[PDB]
Amino acid sequence: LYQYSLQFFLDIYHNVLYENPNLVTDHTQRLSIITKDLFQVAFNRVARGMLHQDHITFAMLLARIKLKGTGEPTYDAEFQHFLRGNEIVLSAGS
Amino acid sequence: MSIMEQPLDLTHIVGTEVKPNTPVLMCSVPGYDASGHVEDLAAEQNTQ
Amino acid sequence: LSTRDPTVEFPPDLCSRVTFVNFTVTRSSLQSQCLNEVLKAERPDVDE
Amino acid sequence: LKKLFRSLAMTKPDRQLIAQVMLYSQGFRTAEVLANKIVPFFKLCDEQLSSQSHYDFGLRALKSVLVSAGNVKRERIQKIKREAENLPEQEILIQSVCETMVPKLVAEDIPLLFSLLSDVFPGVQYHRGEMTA
Amino acid sequence: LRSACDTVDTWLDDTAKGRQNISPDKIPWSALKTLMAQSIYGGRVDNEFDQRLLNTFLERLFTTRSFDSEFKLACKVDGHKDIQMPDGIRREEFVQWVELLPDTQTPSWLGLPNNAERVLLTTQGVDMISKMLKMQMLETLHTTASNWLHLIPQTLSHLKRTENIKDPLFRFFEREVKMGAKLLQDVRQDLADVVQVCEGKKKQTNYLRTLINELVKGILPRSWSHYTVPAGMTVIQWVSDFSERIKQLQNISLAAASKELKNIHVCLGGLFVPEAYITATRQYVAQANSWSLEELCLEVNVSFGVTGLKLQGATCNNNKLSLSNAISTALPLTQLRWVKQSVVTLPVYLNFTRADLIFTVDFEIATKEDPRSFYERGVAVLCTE
Amino acid sequence: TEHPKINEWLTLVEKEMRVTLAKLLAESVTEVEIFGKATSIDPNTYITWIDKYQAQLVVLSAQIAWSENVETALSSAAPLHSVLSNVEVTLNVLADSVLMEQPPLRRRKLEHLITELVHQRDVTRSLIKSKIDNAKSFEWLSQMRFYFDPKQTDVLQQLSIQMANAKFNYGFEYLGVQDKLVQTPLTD
């Protein structure tokens with residue numbers, strides 16, 4: 001039901017970078033402001049046209065993206081066990 | 001995600017975000033229809 | 001021959017007749033575009 | 001389009017009230033008793049008989065039976081005049097029920113219908129013939 | 001909502017003409033409540049029990065105890081929680097109360113048990129796990145069919161066809177056995193044919209090929225779907241219930257061959273049509289007492305014994321209903337008696353879907369709880385589960 | 001004979017049909033008032049009135065009179081019992097009349113009146129069972145109500161039929177006899 005385009009992502013660029021609220025005038029803090037605003041606006045625009053069931057899934061995916069971008073060590077093994085380890089084969093008679 | 005619980009700022013979205021050549025897809029589950037919402041929006045904005 | 005929909009099925013006869021050139025978007029190209037656009041937004045004279 | 005119309009459910013009509021007052025209007029001394037006997041009979045034969053695809057024991061069938069009962073009571077009155085006082089109202093109702101429901105039944109359901117008729121109305125008997133010409 | 005608001009505006013315009021305030025008693029409470037219980041919100045209501053639920057919701061809420069302050073709109077949790085009705089008299093105050101309400105709600109807000117949300121939340125968690133697995137992934141047969149085919153049919157051996165009585169129960173039982181035997185014979189013929197064509201010298205036909213495809217897919221064939229199929233069940237679930245129904249019919253036929261048919265504790269879930277049995281025993285009581293069919297009412301205690309009845313959100317204790325947070329509990333034996341002439345009246349459904357109401361049962365009320373609370377929690381009795 | 005257009009004289013026929021039905025209804029309501037104001041009623045003039053006036057008109061005039069009597073009773077207990085007694089007396093007369101042999105047209109015209117008076121009896125019984133404050137009580141506003149005002153010069157829009165906050169003008173289309181429906185609670 002939701003197909004998004006690179007033109008849509010460029011539109012969200014034009015709507016985040018240009019008309020960024022409170023236009024800090026410092027090259028260090030403006031980067032973090034632009035980053036946080038881009039994540040939040042991306043979540044808002046994508047969630048406008050998708051179901052409340054999948055809202056949390058998209059939010060968790062964005063949390064994973066923020067963990068990958070940050071410095072914070074991503075728990076790749078734990079994430080993979082949470083994703084695919086729910087259907088893992090178990091021992092016989094366990 | 002607190003913005004999502006609020007009702008849509010449809011006037012702001014159609015005034016700023018929506019390009020003139022991009023249609024506004026008002027999708028709905030059965031039992032729901034947003035045509036009345038668009039009529040109310042047009043009544044507010046005084047647009048033919 | 002050109003198309004804008006990547007999720008389109010072509011018949012096998014047309015597939016045999018024509019040569020396919022798919023213009024997909026890649027991560028490296030996307031990062032290059034993002035870096036150029038953030039340069040233009042932040043330091044436009046430097047980007048130019 | 002659904003917002004332009006106001007919806008209302010029609011699930012189950014009041015067959016008892018439908019039958020009683022129209023029997024009263026057609027003219028029946030034991031109208032309430034006949035109504036209290038005929039609607040449960042229809043509801044009972046709607047499921048105690050075999051489940052054939054051509055069976056219908058609903059409001060249209062009940063109303064047709066009541067209209068036919070009024071018509072045959074008027075015909076009996078006219079026959080007496082040719083030949084109002086008391087009349088066998090139960091026999092009239094059973095005659096209408098038979099003339100409307102018997103031809104639709106399968107061969108293994110006619111004794112079941114007559115058993116139901118004997119259970120509901122004791123003095124039933126049967127009316128047939130009178131078609132010599 | 002718009003129609004209800006328009007009716008409220010019309011009624012207030014008819015009542016007062018430019019008055020600044022109206023007393024709560026002068027407000028047409030009964031008029032508005034009846035009008036939008038019969039025409040606005042009750043128009044689309046099909047079931048009498050849903051109509052009763054709507055009626056008790058409207059009666060509890062919209063009388064407001066004549067605009068009584070600190071009115072309990074509902075209970076947030078069944079233990080030690082409450083929602084207080086705001087005392088503001090303006091749209092701004094009502095909106096402020098709305099944002100002051102906490103974001104996270106619970107199904108006990110609705111007068112419902114809290115265990116109804118557990119299955120939905122578990123399913124949603126499984127679904128989001130599957131969706132994350134989908135994005136992560138983006139980033140012969142006939143021998144097994146014949147094995148299952150040879151594995152199923154040993155639970156079914158034979159059934160009598162079934163013979164001239166005037167008993168209201170005997171003929172209904174005989175016709176039940178009749179179409180049960182017809183369905184069983186058709187199923188056996190189909191199984192024998194597919195056994196022959198899978199292990200033997202027999203070609204494939206169109207009907208048997210469609211049966212092969214549909215059985216490999218796992219959907220019940222429409223030919224075998226004579227009686228009610230609950231929400232599209234699977235064939236492996238349906239075959240066991242069909243076997244148990246056959247066993248019950250075999251027991252019925254054996255007891256009839258040896259009235260003794262009255263002493264059988266029939267399961268209501270095993271019958272092809274359940275309501276015909278209730279009307280048949282009603283006619284049996286009517287012919288025993290020389291009474292009328294319509295006047296006989298229901299007085300059911302926990303002389304006809306039925307089994308396999310499961311409740312929903314309550315438990316039985318000496319013909320007294322007690323609310324419990326369990327999903328369901330089983331009644332071992334239930335007897336029914338017919339007598340011509342505050343209590344709770346429960347519905348009895350064939351299955352969990354409640355798509356087909358069968359009949360209703362009046363029980364005795366609990367001492368502490370309120371009939372409106374019983375209706376809002378939605379206690380019912382299930383058979384085929 | 002003046003040779004008007006076919007559509008013009010057909011429109012004249014339709015409009016004057018409506019006006020004629022309105023006039024006949026006004027005279028019928030006057031007759032029902034002067035008949036059913038009293039407790040006892042005379043079958044010998046009841047038969048003549050029913051043979052005189054149309055089936056729709058006699059049913060509608062009975063409805064108008066019953067609504068007006070209940071409105072007067074509510075404007076003012078005991079008058080409600082008087083209305084119920086009048087309804088039951090008319091019902092007994094109706095039962096005797098359908099017990100007698102009758103022509104089919106008047107038989108149908110009388111069966112319709114039986115059905116309508118039984119419905120009126122049920123409404124009166126339920127309304128007495130409930131409690132009444134005035135004519136603004138919803139237990140009385142929930143039923144179909146009929147009002148007649150002979151002062152209006154527009155005889156076509158003279159009759160007003162009222163439900164709960166609903167106002168209707170009678171269309172005065174000639175319906176003939178037709179088939180009358182039994183007013184069940186589902187029908188209400």
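When reading the values below, keep in mind they use all heavy atoms of this one structure, side chains included, and skip hydrogens, waters and symmetry mates. So that the names make sense, note that chain A is the first sequence line, chain B the second, and so on, each numbered from 1.
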Practice task
With the side chain counted from C-beta on, respond yes when E/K131 and A/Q53 share a heavy-atom pair under 4.5 Å apart, and no when they do not.
Solution key: no

Problem - A/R84 side, atom CZ; E/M132 side, atom CE - distance, nearest 0.5 Å - result: 15.0 Å

Handout entry: Distance (rounded to the nearest 0.5 Å) between E/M135 CE and A/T57 OG1
Key = 6.0 Å

Practice task
Report, as yes or no, whether the 6.0 Å neighbourhood of atom CD on E/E99 holds more than 12 heavy atoms from other residues, nucleotides or ligands.
Solution key: yes

Practice task
Evaluate whether atom CZ of A/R48 has more than 12 neighbouring non-hydrogen atoms of other residues, nucleotides or ligands under 6.0 angstrom away.
Solution key: yes

Exercise for the section: Answer yes or no: does atom CG of E/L1 have more than 12 heavy-atom neighbours from other residues, nucleotides or ligands under 6.0 Å? Expected result: no

Exercise for the section: Write down the atom of E/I129, the atom of A/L83, and the distance for their closest heavy-atom approach. Expected result: CG2-O, 3.9 Å

Fill in the blank from the handout: Between the NE2 atom in A/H52 and the CD atom in E/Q124, the distance rounded to the nearest 0.5 Å is 8.5 Å

